[PDB]
Amino acid sequence: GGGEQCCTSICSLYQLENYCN
Amino acid sequence: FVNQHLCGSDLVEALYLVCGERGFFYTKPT
């Protein structure tokens, strides 16, 4: 799809929390 | 959580469910 980060790899709700705020 | 693989729309769905009210931000999707 383009610049992905949690697709081919695997992050957690934390890395997802780094996108908020 | 358990195993999960988001790639764009599904990634924002996890960003809209993780932030909730704290806020939320993102550039361009897939």
# chains A, B, ... in the order shown; residues from 1 in each chain; ligands from 1

call {"tool": "residues_around", "arguments": {"residues": "residue 8 in chain B", "least_positions_apart": "3", "cutoff": "7 Å", "atoms": "only C-alpha atoms", "output": "ChimeraX atom specification"}}
result
/B:11-12,29-30

call {"tool": "select_by_dssp", "arguments": {"residues": "chain B", "states": "helix (DSSP H, G or I)", "output": "PyMOL selection string"}}
result
chain B and resi 9-18

call {"tool": "write_last_selection", "arguments": {"atoms": "N, CA and C atoms", "output": "short mmCIF file (atom, residue, chain, number, x, y, z; two decimals), in the first residue's frame"}}
result
data_model
loop_
_atom_site.label_atom_id
_atom_site.label_comp_id
_atom_site.auth_asym_id
_atom_site.auth_seq_id
_atom_site.Cartn_x
_atom_site.Cartn_y
_atom_site.Cartn_z
N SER B 9 -6.45 1.54 5.65
CA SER B 9 -7.79 1.72 6.27
C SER B 9 -7.86 0.97 7.60
N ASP B 10 -7.40 -0.26 7.62
CA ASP B 10 -7.45 -1.05 8.88
C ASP B 10 -6.48 -0.45 9.90
N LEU B 11 -5.49 0.25 9.44
CA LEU B 11 -4.51 0.87 10.38
C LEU B 11 -5.17 2.06 11.07
N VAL B 12 -5.90 2.84 10.33
CA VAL B 12 -6.58 4.01 10.95
C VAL B 12 -7.71 3.51 11.84
N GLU B 13 -8.31 2.41 11.47
CA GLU B 13 -9.39 1.85 12.31
C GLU B 13 -8.80 1.54 13.68
N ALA B 14 -7.54 1.20 13.71
CA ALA B 14 -6.88 0.89 15.01
C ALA B 14 -6.38 2.20 15.63
N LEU B 15 -6.27 3.24 14.84
CA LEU B 15 -5.81 4.54 15.38
C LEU B 15 -7.03 5.30 15.89
N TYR B 16 -8.16 5.00 15.33
CA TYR B 16 -9.42 5.68 15.76
C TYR B 16 -9.96 4.95 17.00
N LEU B 17 -9.52 3.74 17.21
CA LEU B 17 -10.00 2.95 18.39
C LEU B 17 -8.96 3.05 19.51
N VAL B 18 -7.76 3.44 19.20
CA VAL B 18 -6.71 3.54 20.25
C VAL B 18 -6.76 4.93 20.89
#

call {"tool": "interface_residues", "arguments": {"of": "chain A", "to": "chain B", "cutoff": "6 Å", "atoms": "only C-alpha atoms", "output": "number ranges by chain"}}
result
A: 1-2, 6-7, 16, 19-21
